[PDB]
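Participant: Following this message is one structure expressed as C-alpha cells.
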Amino acid sequence: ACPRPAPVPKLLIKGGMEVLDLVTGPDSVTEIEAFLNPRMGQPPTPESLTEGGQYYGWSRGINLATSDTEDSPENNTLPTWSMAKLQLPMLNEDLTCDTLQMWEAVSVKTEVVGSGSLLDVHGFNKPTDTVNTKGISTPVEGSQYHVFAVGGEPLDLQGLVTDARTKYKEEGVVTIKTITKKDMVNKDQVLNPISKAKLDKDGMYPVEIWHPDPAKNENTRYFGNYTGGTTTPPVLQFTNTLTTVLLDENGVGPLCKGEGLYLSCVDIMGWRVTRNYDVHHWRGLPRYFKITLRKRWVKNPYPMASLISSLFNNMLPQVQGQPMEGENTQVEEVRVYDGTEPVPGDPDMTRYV
Amino acid sequence: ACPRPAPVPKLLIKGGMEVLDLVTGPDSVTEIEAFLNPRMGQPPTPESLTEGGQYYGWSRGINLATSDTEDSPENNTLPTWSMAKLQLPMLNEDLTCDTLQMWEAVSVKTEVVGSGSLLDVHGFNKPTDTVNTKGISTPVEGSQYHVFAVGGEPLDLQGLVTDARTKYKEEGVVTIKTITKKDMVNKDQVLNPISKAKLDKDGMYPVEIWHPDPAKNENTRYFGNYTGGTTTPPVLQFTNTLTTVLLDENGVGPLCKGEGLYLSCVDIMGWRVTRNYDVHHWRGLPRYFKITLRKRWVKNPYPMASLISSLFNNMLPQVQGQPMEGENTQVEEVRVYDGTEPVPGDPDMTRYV
Amino acid sequence: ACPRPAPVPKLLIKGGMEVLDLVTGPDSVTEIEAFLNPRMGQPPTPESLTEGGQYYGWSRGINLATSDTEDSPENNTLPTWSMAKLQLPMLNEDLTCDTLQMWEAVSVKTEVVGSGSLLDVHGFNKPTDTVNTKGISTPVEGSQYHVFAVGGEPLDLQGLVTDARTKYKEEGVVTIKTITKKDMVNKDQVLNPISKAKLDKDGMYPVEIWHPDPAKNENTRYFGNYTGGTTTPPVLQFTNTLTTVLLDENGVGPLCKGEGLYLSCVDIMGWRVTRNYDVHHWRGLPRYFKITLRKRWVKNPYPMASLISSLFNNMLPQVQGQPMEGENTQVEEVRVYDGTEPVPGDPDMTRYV
Amino acid sequence: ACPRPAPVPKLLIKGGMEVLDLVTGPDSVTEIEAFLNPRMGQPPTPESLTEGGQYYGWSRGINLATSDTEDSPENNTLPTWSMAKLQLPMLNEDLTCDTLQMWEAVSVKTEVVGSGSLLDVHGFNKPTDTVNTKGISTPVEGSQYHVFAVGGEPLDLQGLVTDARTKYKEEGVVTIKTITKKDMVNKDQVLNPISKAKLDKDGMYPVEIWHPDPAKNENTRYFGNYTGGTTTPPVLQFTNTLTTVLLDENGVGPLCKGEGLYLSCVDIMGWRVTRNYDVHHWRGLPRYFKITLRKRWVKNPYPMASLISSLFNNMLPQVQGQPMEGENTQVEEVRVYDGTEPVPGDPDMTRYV
Amino acid sequence: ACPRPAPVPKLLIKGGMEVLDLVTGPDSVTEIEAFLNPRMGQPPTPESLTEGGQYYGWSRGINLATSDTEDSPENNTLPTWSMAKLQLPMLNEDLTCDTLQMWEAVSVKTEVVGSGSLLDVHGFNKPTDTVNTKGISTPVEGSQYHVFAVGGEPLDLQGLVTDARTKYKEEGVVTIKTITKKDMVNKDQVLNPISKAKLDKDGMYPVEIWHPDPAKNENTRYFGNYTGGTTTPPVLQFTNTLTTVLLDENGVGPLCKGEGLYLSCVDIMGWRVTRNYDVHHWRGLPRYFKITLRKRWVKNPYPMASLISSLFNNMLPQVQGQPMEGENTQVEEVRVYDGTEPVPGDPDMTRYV
C-alpha cells in the first residue's frame, strides 16, 4: 500500500580512515577520497609568505647552463613526483586451505583542481605590451605534463634523460647516479635497463629523469600525457561524472600488496614569467582521487611455513664463497627431469638459425 | 477506419512557473527553460549606456600589480560565478510509512548563446595593423573558461589561488579571507581542505578563487573546461539536439533539497583590447538551461518527530562547558557493543605496520 | 531460374519541384536537393564585374569605428543569414475523424561547397613578404562561423550584441531596434527575452545580432559552430556519405507548418586582406542541402469550425476598452473547477519558502 | 586425426590486370591495388633533373597578380585533379529475363604515401634564421587539401572560384570558360548550377575551380578535407589496417558503368619557399588505392531492342524545326491519363499559397 | 567450504628468451617485452660523453645545402629506421598430412618512453629571450614522426624523396641508388614502383627516403603519424592499459616467417636548437613493445619434396641462353587447358573498349 523507493547501496558509515576499523563483510565496497599536492620545486615547510613570495605550488626559478659542459639544476627548480600511500586494514586469512583476502582497487575518479586559478591576469608577471609594460599579466603557458597512477605497490620508474652530463645535487633529490652509484652513461639518454627505481619518496624523483616503467608496472595503472612548446595554451577538463575502470584483461585490477594503496601524480600546467628577467617558475595543481575498492579472495602467495626456512637462514651464517650467481657465475648447467620420454636421438637441438 | 497518429507525451499546460501550481500526478514530467547572464565585472544596475559605455557583459578593465607584493584586483574586474535557484512546488508525503516525494533533475540541455556576436570586427578595439591603426577591430581572444552545474543544493566550492599575497576588497566579493576570517596561507596556493564555501550568492564568488569541489558535490553535476593563452581563438558549438543525462551510477540524479533547483554557470570567452592602452575587459556570454525533472519516491531523511528533540533544545539553555568536540576534545574513547562474540584474546589489534 | 537483383526503393519520377505534383501514396519518400548562397555583404544584383570587382560572395569592406561612441557598420559589410522556403504540395485531410497529413523532414545531407577555392594564392591580396610585396597572396583566414538549420517554420532568432551603442542603418537591415521600436539597452548585450525575431527575410538579419533561439525552435533543428581569432586556419570536411537524422526524442522531426520547409544557413570562412590598406572583406561559401521527407498522419490542431468564431470576430467591431491583458491587466483572478473534492481546510497553500 | 587450419578465402591467382582474364564465378572477390601520382603543376614528361630542378611533384612557381584586374595563373602553377580509369573485363548477361552482371566496388583502403619525405630539412629552402641564412631548410607548410573518390563513372565537378576576373590560359587547362563557352559571371563566385563538368582528363581540372559536386555523384563516393593558413603544419596518418566501406544506404556501393572503375585524387601538403625570393611551389604526394570489388546481378537498364529505335534514328535525317525543348519550347502542355477516376470538380487545384 | 579465487591464466615460467626453450603445448600464450632505441644520427659506439657531448639519441647536427644543385646530408644527421628481429623457437610439423605450426602475433602494447625528459628547460639551448640570452632553454619542438610496425617478415619499404638531386653518401646508408644501382630519377619524387626495399638493417634506412609500402606489407601491421612545422609542440600519450589488435579481416594476424618476429620503429619528437648558431639536432625516444603471440596450425606452404627439385637444380649447370623472362622475353604465348567446353565461335574476345 506504500510506495517503494528504488534500491541503492546502503552506506554503513562515513568519515575518516578510522571508519575502516569496522569489520563489514565480504561484499562491502569502500570509497576513499584523497588528494595530492604538487611537489614542484619549493617545499611546503617555510609557510611565511615573505621569504621570496611563497612559491609553494611553483618552482623557485630557473638557471640556464653556464656552458655546454656544466649544468647544475638547483633542486628547488625541478618538478618532482607526488606520491602517497593509504594504509588499509588487515583482512581475513584461510591458512587451512591456502587462501587470503586483500583489497582490490576497482575504479578511480580523478580530477585536477584549480584550473580557474590561471585566470588571474593581474599580478607582477611579464606583461603583454612589453614596450610599455601594460596589458595583462601573462598567464601560465608552456609545456604541460599530466600523469597519475593508482596501484597496489609503488610505481616502478625508468631513468631517461636529456644531456647526461648534467650535474644534479647529490642530496635532496634521487637521480640515476643515486640508484646506480656510478655516473650517467650515454645509454641513459635513450634507454638503460639498469636505470630502474621505485617511487617511494615524495618530492624527490624529478619527472625529467624518472618515467613510468612500461615493462614493470603490473599492479599499477598509470595514465599520462605530455604537451611541449613554450607558449602552448593549457587545457583542462574537470567533471563530476567520469570514472576510470582499473580492471585489467582478466578483470582484476590493482591488488593492494601488504595493505597499502599507492597514488602517484604530477600535474604541470606550464610556466610563469617574471618581469625584471624571464625567470620561468613552473606551475602545478593538486589532484583529487576517489578510489573505489572491494575485497577479493586470492591464493596465498607465500608459504609462510617458510618461516622454518627463515629459521635456518637466520641461524646459519652469511657466507660469501665463490660466485654462483651474476655474470661470473660458476654454475655450468642446470637440468630438470620430471617424467620418462622415449629415448631421444641428438638431445641438443634448438631454434636452428 | 481512421489513421492513427503516433503516440507522444501529452502536454497538459505550458507557461511560466505558475504552471507548476497544477497537481498533475506521479508520472508527470516537467521541463523548465531558464537562462543565466554572465556576472563578469560590471553589474547590471547602471542601465545608462554613457557611464563608461555599459560594460554589462564585460569587465570594467584590468590593473596589473604595482609591485610583487601588493595586488588589488578592484572587484569590478573579476569574473564571478552566476547562480540561480528555481523554487519548485511541494509534493506528497507519507508520514504513516516514512516516505517522501521530491523533484529529480533527469536531464539538461544547455547552450552558450551569442557566439556570433564575436564576429563584430568593427568598433574601437586594438586594430590588427597597429602601425597605421587600420584593418579590423581585434575580436575576443584569450583564455576561455566554461563551467555549468545543475544540482539540488548550492554548488560546493573549494578555494585555490595564484599569489596568496593578493589583497582583494573586503566587501562586494567573497574571498578565502571572508570564509576563514584569517588571512590566506601558502597552503591556499595548492589545496587547503578548510578553504571551502558554497555558491549561495550571485556575482560574488570570483572564478579565480573558487572552483567546483570534487570531494563534495554529490547532489550536483558539474561540467567544466579551461583553455589558457593570450590569443587562443574561442571555439563554441551550439546545437538544438544534444542533451546531457544527469543520472548517476545508481540511476538517480540530483534530488532537489527542500524544493529548489540550483543552476550555476560561468562562460568566459576571452578578452577585448582597447586602443589607447591595452586594457583587457573580459567577455562572457549567457547560458541557456532546459532541465527535465520528474518525481521520485524517496525515504524520508528526517525523523521530524525530532521536533520533540527540538522542543527540548529550545527550552534548555545554551551551555558552553568544557570542550567535548573539536581538536581539544576531552572525550577519551567511545565504544559501541551490540551482540555477543566469543571472548577475544588481545582485543586491541589493528593494521600492523 | 533467373537471378534476382537486390530490392531497392523504386524511383517513381525525378526532376524539378513540378515532380511533386504527382499523387504518390502514404509511404512515399521525397528527396529534395537545394542550395543556399552566402548573403555576406554585397548583394547579387549588380552582375557586372567592374563596379568594384564583384564582391558577390564577399563583403564590400570594413570600417572601424571613428571613436568609442559612434559606430556605423555600413550594411554591405555585415554578413547576414541566408534562408529559403521550399513550398510543398498539399496532402490529404480527414475532417470526419479529426486528423491531417503533413510533410515530415526525416534526414538531411548538408555540405559546404567550394573550400578548394581558398587554394587561390595568386591575386592582389596582402602578400606574405610584406617588406618586398612577394610570396603568395594571403588566403582566407580568421573567424569562421558555420550554422545551418532545417525546419517546418522560420528559424526563431534571439538578439545579442557586442557594443549596444552601435548605430546600424535603419533600412536594408533588420536590427534589434527594428523589432523593438526603442533603442538598444545594456540588457541587449547579455540576454533580453524581448529581443526576439524570426528569420523571414534573406540577407537582412546580420549574424552578429541574431542567433538561433535555444528556447524557441521546436520545429527546427539547427547546428552551429564558431571559431574566433584573426589568423585561424579554416577547416572544412566535405563528404558524400554522411547524413544527419532530424528526428527528435519522440522520433518525429520537423513537421512542415502550412506546407513549407525552411532552410537557414550561414558559412563564413574568414577574411581576405587587400594590399593598399588592410581592408578585410569576409568570405562565405554556399551550402548544399538534401532533405529527405516522408508523410505523417497527425492530429488536426485547428478546429476550423472556429470559422464560425472567425465569423463572429469579423462582424463584431474592434473594441479597445480597458486593459484585460498585459501587465496593467484588470483581471484579478481566474479559477477553474471541474470535479468535487472533499472540503479543504485552508485552501490557499503553496510552496512555502 | 590431423589438425585443421582455419578457413580463409582461397586466392585463385594474383598478378597484373591480365589476371582478370580468368572466368572465376559469381561469388569471386577481386582486390586491385593501384596508385595515383600528384598532378600538381610540372608535368612528368621532361625527366631530366636539370631544366629547373625537376619540380615533378611540385609546382613550377607562383606569380602574384600584377593588379586587381588582371590575373594570369600560368597553368604549370595550378594543382589539378588526378584521375585514372581501370578497365575491368565483361561479365555475364541474361537477355532472356532482362538482367545483367556488373562490378561493384565494395571497399577501399587508401593511403597517402611519402609523408616522411617532408622530414628533409636540409636543402635550399628559406632558412629559419633569415638574418644569417642558417638553421634548417623550412619544411612544407601551409594549406593542405586531401580529396579522394572511388566511383563507377567519372567524378562530377561543380565550378566555384575566388575572383572571377582571373584570366586562365585557354589551352592545357579546363576552366569554367572552357565548359560554358562564355566568360565567368559573378554567380561563378558562389554557385552557378550551369558550371558543371566531369573529371575525364588528368592534370587538366584545377582544384581551385572544380569541386566534387554534391548534387550529382551517386555512383561515386568522395571524401575530402581542407586546412587553410600559411604556416599550418601538415598532419598525415598512414596505417595498414583501416578500410572504408563504399556501400550506401541500400547496401550497394559504386556500380562500374560500362566496365570501368574511376579513381580521383588530390593530396596537397602545403608549400615550399625558395631562398632568393619567396616563390611558393606546391607539394603533393601520391595516393595508394586498394579497391575490393565483387559481382552483382542488376536489372538491365537499356532495352537495347532500342537498337531498332537507333535504326530509325540513323536512317532518318537530322531535323532542326522549331523549338520543342529548352526555355523557348513551343509545347504548351502534356497530360498523361492511365485509369478512370470519378468526375472531379475544378480539376485545376494545387498547392494554394 | 573454502572460498574460490577467480580463474586467471596460469604463468608457467617467466624470464628471458631462454624461457621459450620449454615445450609448453598447443594453447600456450607467450608475452615478449622488448624495446627499440632511436637510431637518429649519432651511433651508440663512442660511449665517451666528451667527443661532442654524446648526441646518442640526437643527430650530430644539420648542414643546409650550399646551392640549389649540390646537397650532401652527412649520414650522421639523417634519422633512420630502428629494427629488431626476435628469434623464436621451432614448433611442431605434420609432414604426414601436410600442416605446420608457426607463431602468430596476436596483440601488441606499445609505448614511447621518456617524454618527460623534454621538460628539461635548463641547458645550453637557444634561449627564449634571444636579445639577453635568458629565460629557459627552448625545449624540443618541430616536426614529429611516429611509426611502428610488428610483423612476421621485414617491413617492405617504398622509396620517395624530396629533391632527387641530393647526393647521399654511398656507404653507411642505404638510399635509392644503393638498391637500383642507377641514379635517382624524377619519378623518385612521386612514386616509382621500382624503388622498393626491405628493412633488414638497423640505423641504415633513413626515414626521409623509405616509407612503409602500402602495396606490400601483408604479414606486417604498421601504424604511423606525421606532424610538420618548425615550432609544433610535441604531444605524447603514454598509458599502461591500451592494447592494439594485430588480427586482420580473417582473424589471423602476422605469422612469423621462419621463426622470427620483426619490430620496426621510428619516434622523432622534433629538434633542439643550439646557441652559437641554429644547429638543429633531431630528438628521438625509445619505444617499448609487448607482443602477445600464440601458436597456429597452418597449411605447409613448401612441398619440400622439392628438395628433389633442388637436387636437379644444384647438379644441373647454370645456363644463360636467350631471354625467356623479363621485358625482352621470347615466349609468345602460354595457354592452359583443363576440361572440355562446347566449341566456341570466335575464341578471342575480351573487354571490348
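FYI, nothing fancy with the C-alpha cells labels: chains A, B, ... in order, residues from 1 per chain, ligands from 1 as they appear.
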Restrict the distance test to only C-alpha atoms, flag each residue of chain C within 6 Å of chain D, and return the flagged residues as JSON, numbers by chain.
Facilitator: {"C": [5, 47, 57, 89, 90, 114, 116, 117, 119, 122, 123, 124, 135, 233, 234, 235, 236, 237, 238, 239, 240]}
Participant: Near residue D:219, within 9 Å and counting only C-alpha atoms, which residues show up once chain neighbours fewer than 3 positions away are dropped, as a list in words?
Facilitator: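 Answer for this query is residues 150, 151, 152, 153, 154, 155, 216, 253, 254, 255, 256 and 257 of chain D.
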Participant: Mind checking DSSP for stretch 295-325 of chain E and telling me the strand (DSSP E or B) residues as a PyMOL selection string?
Facilitator: chain E and resi 295-298
Participant: For those residues, write C-alpha atoms to a file as a PDB file, in the first residue's frame.
Facilitator:
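The result, stored in result35.pdb:
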ATOM      1  CA  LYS E 295      50.507 -20.929 -31.882  1.00  0.00           C
ATOM      2  CA  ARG E 296      48.507 -21.591 -35.041  1.00  0.00           C
ATOM      3  CA  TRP E 297      48.163 -24.640 -37.277  1.00  0.00           C
ATOM      4  CA  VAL E 298      48.640 -23.580 -40.899  1.00  0.00           C
TER       5      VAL E 298
END
Participant: So that I can check the surroundings of stretch 13-25 of chain B, please list as a ChimeraX atom specification every protein, DNA and RNA residue that reaches within 10 Å of it, counting only C-alpha atoms and ignoring chain neighbours fewer than 3 positions away.
Facilitator: /B:10,28-33,86-92,295 /C:350-351
Participant: Among stretch 145-196 of chain B, which residues does DSSP mark as alpha helix (DSSP H) when it is run on the backbone? Keep the chain and numbering as in the structure and answer as a count of residues only.
Facilitator: 4
Participant: Would you list the contacts of residue E:172 as a VMD selection string, taking every protein, DNA or RNA residue within 10 Å and counting only C-alpha atoms, but skipping same-chain residues closer than 6 positions in sequence?
Facilitator: chain E and resid 75 to 76 203 to 205
